[PDB]
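Residue numbers (the authors' numbering), protein chains in the order written: chain A, 59 to 170, 180 to 255; chain B, 59 to 148, 152 to 168, 180 to 253; chain a, 262 to 329, 332 to 416; chain b, 261 to 266, 275 to 329, 333 to 416; chain c, 262 to 267, 272 to 329, 333 to 420; chain D, 1 to 9, 11 to 30, 35 to 60, 62 to 72, 74 to 111, 111A, 112A, 112 to 141, 149 to 230; chain E, 1 to 9, 11 to 213.
Note that the Cβ used here is the ideal one computed from N, Cα and C, for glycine as well.
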Ligand SMILES: *[C@@H]1O[C@H](CO)[C@@H](O[C@@H]2O[C@H](CO)[C@@H](O[C@@H]3O[C@H](CO)[C@@H](O)[C@H](O[C@H]4O[C@H](CO)[C@@H](O)[C@H](O)[C@@H]4O[C@H]4O[C@H](CO)[C@@H](O)[C@H](O)[C@@H]4O)[C@@H]3O)[C@H](O)[C@H]2NC(C)=O)[C@H](O)[C@H]1NC(C)=O
Ligand SMILES: *[C@@H]1O[C@H](CO)[C@@H](O[C@@H]2O[C@H](CO)[C@@H](O[C@@H]3O[C@H](CO[C@H]4O[C@H](CO)[C@@H](O)[C@H](O)[C@@H]4O)[C@@H](O)[C@H](O[C@H]4O[C@H](CO)[C@@H](O)[C@H](O)[C@@H]4O)[C@@H]3O)[C@H](O)[C@H]2NC(C)=O)[C@H](O)[C@H]1NC(C)=O
Ligand SMILES: *[C@@H]1O[C@H](CO)[C@@H](O[C@@H]2O[C@H](CO)[C@@H](O[C@@H]3O[C@H](CO)[C@@H](O)[C@H](O[C@H]4O[C@H](CO)[C@@H](O)[C@H](O)[C@@H]4O)[C@@H]3O)[C@H](O)[C@H]2NC(C)=O)[C@H](O)[C@H]1NC(C)=O
Ligand SMILES: *[C@@H]1O[C@H](CO)[C@@H](O[C@@H]2O[C@H](CO)[C@@H](O[C@@H]3O[C@H](CO)[C@@H](O)[C@H](O[C@H]4O[C@H](CO)[C@@H](O)[C@H](O)[C@@H]4O)[C@@H]3O)[C@H](O)[C@H]2NC(C)=O)[C@H](O)[C@H]1NC(C)=O
Ligand SMILES: *[C@@H]1O[C@H](CO)[C@@H](O[C@@H]2O[C@H](CO)[C@@H](O[C@@H]3O[C@H](CO)[C@@H](O)[C@H](O)[C@@H]3O)[C@H](O)[C@H]2NC(C)=O)[C@H](O)[C@H]1NC(C)=O
Ligand SMILES: *[C@@H]1O[C@H](CO)[C@@H](O[C@@H]2O[C@H](CO)[C@@H](O[C@@H]3O[C@H](CO)[C@@H](O)[C@H](O)[C@@H]3O)[C@H](O)[C@H]2NC(C)=O)[C@H](O)[C@H]1NC(C)=O
Ligand SMILES: *[C@@H]1O[C@H](CO[C@@H]2O[C@@H](C)[C@@H](O)[C@@H](O)[C@@H]2O)[C@@H](O[C@@H]2O[C@H](CO)[C@@H](O)[C@H](O)[C@H]2NC(C)=O)[C@H](O)[C@H]1NC(C)=O
Ligand SMILES: *[C@@H]1O[C@H](CO)[C@@H](O[C@@H]2O[C@H](CO)[C@@H](O)[C@H](O)[C@H]2NC(C)=O)[C@H](O)[C@H]1NC(C)=O
Ligand SMILES: *[C@@H]1O[C@H](CO)[C@@H](O[C@@H]2O[C@H](CO)[C@@H](O)[C@H](O)[C@H]2NC(C)=O)[C@H](O)[C@H]1NC(C)=O
Ligand SMILES: *[C@@H]1O[C@H](CO)[C@@H](O[C@@H]2O[C@H](CO)[C@@H](O)[C@H](O)[C@H]2NC(C)=O)[C@H](O)[C@H]1NC(C)=O
Ligand SMILES: *[C@@H]1O[C@H](CO)[C@@H](O[C@@H]2O[C@H](CO)[C@@H](O)[C@H](O)[C@H]2NC(C)=O)[C@H](O)[C@H]1NC(C)=O
Ligand SMILES: *[C@@H]1O[C@H](CO)[C@@H](O[C@@H]2O[C@H](CO)[C@@H](O)[C@H](O)[C@H]2NC(C)=O)[C@H](O)[C@H]1NC(C)=O
Ligand SMILES: *[C@@H]1O[C@H](CO)[C@@H](O)[C@H](O)[C@H]1NC(C)=O
Ligand SMILES: *[C@@H]1O[C@H](CO)[C@@H](O)[C@H](O)[C@H]1NC(C)=O
Ligand SMILES: *[C@@H]1O[C@H](CO)[C@@H](O)[C@H](O)[C@H]1NC(C)=O
Ligand SMILES: *[C@@H]1O[C@H](CO)[C@@H](O)[C@H](O)[C@H]1NC(C)=O
Ligand SMILES: *[C@@H]1O[C@H](CO)[C@@H](O)[C@H](O)[C@H]1NC(C)=O
Ligand SMILES: *[C@@H]1O[C@H](CO)[C@@H](O)[C@H](O)[C@H]1NC(C)=O
Ligand SMILES: *[C@@H]1O[C@H](CO)[C@@H](O)[C@H](O)[C@H]1NC(C)=O
């Protein structure tokens, strides 16, 4: 196709990260509003950005959920790493959950630069490394001032389905946040 | 000036860390009692060691301060990493009314060591002038001052004893949340 | 990282690695020589090498272990397999709108007759679009110039 | 390790240095920065380059940025090394002053090693003279090849 | 890690009879220990930095010392090198438990290689046969070093 | 100093061929990639061709140039060459050679530019001009100097007596390959009667001197 | 034709801040962030004033700044100075070619009030038509800043072929003047009803029409 020095031919290759589904989670993107983190070939996690809210509570009962191991510890770990990676997290009233019956669901109210809405989108942008840029309109050239039009960021548990249309899955997203965990929080 | 092997001449260079003020914080030292961490060219933080105390409270209201984002998140971050870096923390008083952040620490192997231990690394520039028995002592570093107060201040050219440098703050980022009960 | 990768039972030479048809998307299996993959243990600045250790660890963990879902295992070997700061570099490049590597596509120089290939470097992407061959042509040139010197030794 | 990538040579402007003019270093010198992991001067170049690069390519409202690239720019354990030397009252590097060997005629310079300090006083040339000797002896071998 | 450790030559290291079990003191050449600062995947080098730091802390400080090590761990040893051996043990591969090492000592010259770890499988050290080819590449590399030195 | 210098510009017949060079001064020629950018004397810059660094394996051309130009380089000789063939009249421009590096990691822009070389394409020979009058509280009148070659022509009004309001425009190279310009003068409308206006076109290369009296329209 | 659309001219008083827009397609300006700006003084070669949209080479005054929004890049020159009066070009990476350049913009430091052009359209001469030739001379004079864009019409129909225009040359009064020509056959001349010359100067257009 294209030769260099007359003898060397330029060739390419594209890796299929879907193989790693058993050992590590894989993050991909469907459309502007929906993003996913697949942990296995059965269970998974859905990252959605919608103006429509699901949880009306203002309190997140974790201790009650921790007693009843109905949830999946794998999915509960990858959502635990997310919250710790959020920088400069101070107000907890914007965070609401609902772990009744094992169904894990967390909602972040983004209606409240250098705000709590940025930190959530900042961690979310790294988590869905595949196609996060489609979500933010002012992504390029903005770090602390990233913003959206959506009001809520909901994370729910879902079953595996072939919906990685916009971007192929990859673990690099989740891998990066493991080091960032518990490194930008204030004192309680 | 001084030649080696007859051809190679020994030369030196001194870096001006003041350039990095926009990207990272810079720690320097004025005199024995006053130390500074300047974030940018306008705001900053002052580390003072005095027998005179400022805060008489026994409680540090953090949840109330987090509701009102009057404070600067940058200064609140470099003060949060400080408290997390303090080893074996099991005497701490604050006052964040109206955005003005102010923390006071009431002072071997005690809580007074950990605070001075973290402070010594924080003001990497000229912290050694504060401690009298610093050299050869790690867990037994002590002073004569009774209180360590950290307040918010405006930038002024008061880096007389030691030049500013970020190396101090950078070192504490890894040590954070690694020696708590 | 400290993971040592090696293809046991590999026919051609010891130390090389082959990517199966399942490891690649819409492509047949591809093998790489020892001279190329040897740089993976030496250098710390290659994204493709980090993927090989992930694919090898994933393969190694599957055949030698009993799955119960096995998330704790990776959470401990992360730093021993990939270069965490190499992920940070690409994120900084994306934040500054520099062409960055999203770890999917790679490019290498394959000899038409000899068959010796270079270590595939990552194909950078800008605004969800891979760079044209022209925009990094000089990167290929230094690779082709380095391909000669390595064979010379 | 670190991964920041800083043709290939580096020049320190008159603003980067204090009471000194701009100084440039050859490719062969700065090439050691990517190879070796235990050089303080190289960590400063990546800090000055990251600070320079971030300024022109970004709009300041910026503390969160550095808090994520610290490990990707400098060697954290290299800072710990100097702190241990200070705690044990060994001459340590406070990252301010450096020394290098400049050829009077050729102009080739070595990678500037840190000038150690003990009790707020920089060491005399005599107290680390043998360090300069091994550097000058190594400078020849590089010049030969 | 960044710790720089340091009789006949400066830069070499000697392990006293107290540092070894049921053995006399052993010294290693400069060429060998220089690889410790170069390579990042050698267990023996991590032990040298531990023994040197332990020695350095004792003589240069006054014990009241767990906080000290809790800060220099990453600056002395390669933490992921420990993780490597744990993964090997978890997969029942012969791993290094950091106790025994093997090296090639010249009968006449006295130059030794950097001692590589003696792997163990199910609480039993591997026989010389089961890693003989590892010694061969070590002996073949030892020759190249002797040529590289005398060629210069 | 880092420099780049061109050579080979000149006059060439329509359909002929020309060879340009570009020499480096003060930098490692091999590492960088080189380009050719021509600038029409009265219009903006246009990229023509590019050559990759080291071995010139990656070559690019402009659609308006493809098949007619051929770029080449010699790293040892520090010379960049561009071969022109089937030259059209519209190819007349000032050709520059500039450097840059096409790297994904450390790219370099078109920082270093040469002084430029002027290339003119025209198959026409020495021909005299054809002066026509531009008959008119003030009115404008002038002379049209059309289809001459080569440059230049000098225009005066009333044998240099009239200077106020006179303006001679620069020449224009037409598609045929012959220059043309105009020289006008704004005078009071009342003066059109009493005053007599004559332009004095002089084309020394063809040994021609024409005097045309501009009279108002009948 | 220029790949990137640049304005004819932008002007400002000394000490003001003016901006030049470099509009491109989605395949060039929008695709990559490698946009470069060049300053070319009369007689000299283009000098790289800004590369990579907003990065400034060493030695270039901090008064020059770069921007980009979608398919349009913007070069802003704050604190205008007389030395800044020159022609400015823009370039960008492209999917089809390595570099694509813009038409170019002339920045004038207003040292005198803006002057509208004085258009005078001349019909073909009687002597010229007797030579089986016909040229329409459109005379643009006494305008400031020195940059216009002419357009020809034939019965309100735009004409492009056979049009040649000069660059604005300075007059004795420090004002500028330009000339445009429309060469056509005598058959074309008498064919159409009327021919027009549209001269656009700083957003305001002046038009003159002639008929056979
Ligand atoms: C790194 O960056 C690059 C560039 O930005 C990213 O590349 C893009 O990746 C996406 C995702 O694959 C890709 O989108 C595809 O376009 C194809 C057409 O060109 C589509 O055919 C394809 O859809 C199929 O796959 C989806 C995912 O599996 C399915 O959900 C979908 O239904 C399609 O499936 C086909 O096959 C089934 C089975 O037969 C059938 O039932 C269906 O009807 C359908 O026929 C994707 O939409 C882009 O084209 C890529 N862009 C480029 C420039 O290459 C890359 O993802 C990034 N890497 C990471 C890790 O983020
Ligand atoms: C650099 O470039 C070179 C040359 O372009 C590449 O080399 C070629 O690589 C391919 C793939 O590895 C080789 O193709 C394969 O040969 C295998 C062995 O061949 C047997 O079968 C043939 C049949 O005629 C017998 O003659 C022979 O004796 C062997 O018994 C096959 O098993 C492979 O087949 C599989 O794929 C095909 C589709 O391609 C299926 O239809 C089959 O069913 C089967 O699944 C395949 O045909 C090829 O021979 C190599 N050529 C040379 C000259 O070396 C390098 O791979 C490339 N480097 C990189 C890194 O890409
Ligand atoms: C690394 O160690 C060295 C040595 O211990 C250390 O150097 C010292 O830095 C200080 C701070 O600059 C120097 O003190 C100065 O002395 C000069 C006279 O020689 C004065 O003019 C200086 O004052 C000016 O600057 C002040 C700060 O801006 C102003 O407030 C003042 O008004 C003056 O304008 C200043 O007092 C000192 O001389 C050196 N010592 C040596 C031996 O060089 C260095 O700071 C350490 N690095 C770090 C990062 O801490
Ligand atoms: C903050 O408050 C503390 C506590 O009040 C204060 O520390 C005190 O400092 C004094 C003076 O340095 C110390 O007094 C000394 O005690 C030692 C024994 O511990 C004596 O040997 C000393 O005596 C010599 O010096 C005297 C003159 O000072 C001579 O008269 C005498 O003959 C000896 O030569 C001296 O008495 C005192 O012990 C400490 N207190 C504590 C609890 O450590 C500190 O100075 C205050 N700081 C400020 C800035 O105000
Ligand atoms: C999650 O990862 C596993 C393992 O990487 C994926 O499983 C693999 O699936 C493919 C296709 O079904 C298997 O390929 C097959 O190979 C056999 C020879 O052994 C051959 O008969 C066929 O070619 C067959 O398709 C592959 O063996 C299998 N790997 C393992 C270890 O079981 C799985 O598909 C991934 N999940 C998702 C949702 O992609
Ligand atoms: C915080 O950091 C910034 C950036 O590193 C420092 O700003 C720099 O200040 C110097 C001196 O004012 C500027 O130098 C100047 O260069 C121009 C040419 O561009 C020349 O006309 C003069 O020599 C002029 O002094 C430099 O450009 C500027 N850098 C940037 C990026 O704006 C600032 O001084 C630091 N803060 C403190 C308190 O030191
Ligand atoms: C510049 O690249 C485009 C597109 O590149 C294709 O897509 C990239 C994401 C990457 O995967 C490349 O390897 C691909 O080739 C080229 O346009 C394509 O040209 C090919 C071959 O002519 C054709 O098969 C595709 O359909 C084209 N796709 C599109 C979207 O146009 C383009 O030719 C390249 N330009 C140059 C000068 O090399
Ligand atoms: C992205 O894709 C998803 C899935 O195709 C869309 O999801 C659903 O939205 C519609 C309309 O609101 C509902 O009727 C469905 O019940 C939703 N399904 C699920 C599983 O939630 C989503 O609307 C798309 N978003 C965009 C912006 O295109
Ligand atoms: C979610 O709600 C917000 C706020 O109502 C919507 O944002 C507005 O978008 C319109 C059109 O672009 C603007 O005119 C308004 O100024 C925006 N409001 C604010 C507060 O910025 C947003 O479009 C909604 N998103 C969806 C998917 O419905
Ligand atoms: C270090 O310097 C500071 C500032 O120069 C000194 O602080 C001042 O001390 C005087 C006398 O107590 C007060 O009147 C001022 O109000 C203080 N200024 C501030 C900003 O607090 C300090 O005393 C010095 N300390 C030493 C040990 O020299
Ligand atoms: C090494 O020494 C040479 C000569 O003293 C230095 O070169 C001079 O540099 C200055 C400033 O850049 C120039 O004005 C002189 O013209 C140079 N002279 C020569 C002979 O080259 C060089 O800068 C020194 N190297 C370093 C790193 O300081
Ligand atoms: C390599 O072998 C030599 C010879 O067996 C060892 O050298 C002897 O060391 C002991 C104890 O240090 C001395 O008492 C002898 O005098 C030495 N003999 C000779 C001939 O040198 C040497 O120690 C061995 N090297 C190592 C690392 O064990
Ligand atoms: C997931 O994979 C396992 C093992 O390969 C298999 O037994 C199971 O049926 C798969 N589940 C689905 C939903 O494909
Ligand atoms: C989440 O898990 C719960 C409990 O296992 C289940 O009832 C619910 O259907 C799951 N969510 C989805 C979207 O399937
Ligand atoms: C989110 O916050 C806004 C502003 O405080 C409030 O009006 C809204 O009710 C909140 N939504 C939820 C679900 O808490
Ligand atoms: C801080 O720097 C900015 C930009 O250089 C400048 O505009 C501002 O005046 C500076 N503030 C102070 C207090 O010097
Ligand atoms: C500090 O502690 C001492 C001893 O407990 C006590 O006497 C003193 O009042 C305390 N000071 C403050 C400000 O709490
Ligand atoms: C600290 O901040 C508060 C509120 O911004 C301000 O009132 C106070 O003056 C600051 N402190 C100093 C020393 O300026
Ligand atoms: C990428 O560039 C295109 C070019 O116009 C722009 O429309 C788009 O918003 C940019 N970002 C994304 C995420 O597509």
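Through-space distance from residue j to residue i, alpha-carbon basis
i                      : j                      : result
residue 413 of chain c : residue 315 of chain a : 34 Å
residue 158 of chain B : residue 402 of chain b : 55 Å
residue 405 of chain b : residue 361 of chain a : 41 Å
residue 308 of chain c : residue 345 of chain c : 8 Å
residue 73 of chain B  : residue 36 of chain D  : 31 Å
Supposed close pair residue i, residue j - CB separation, criterion 8 Å
i                      : j                      : result
residue 297 of chain c : residue 376 of chain c : Incorrect: roughly 17 Å between the Cβ atoms, too far for contact.
residue 190 of chain A : residue 143 of chain A : 5 Å
residue 80 of chain D  : residue 62 of chain D  : 5 Å
residue 326 of chain a : residue 364 of chain a : That belief does not hold up - the Cβ atoms of residue 326 of chain a and residue 364 of chain a are roughly 30 Å apart, past 8 Å.
Residues that residue i contacts on chain b, provided the C-beta gap is smaller than 8 Å
i                      : result
residue 251 of chain A : 335 and 338
residue 36 of chain D  : 275
Where residue i meets chain a, residues with beta-carbon distance less than 8 Å
i                      : result
residue 348 of chain c : 262, 263, 342 and 343
Residue(s) in a DSSP beta bridge with residue i
i                      : result
residue 86 of chain B  : B:94
residue 153 of chain B : B:166
Burial state of residue i (16 or more Cβ within 10 Å)
i                      : result
residue 134 of chain D : buried
Closer than 9 Å at the beta carbon, the chain b residues around residue i
i                      : result
residue 314 of chain c : Going along chain b, no residue has its Cβ under 9 Å from residue 314 of chain c, so there is no contact; the nearest lies around 11 Å.
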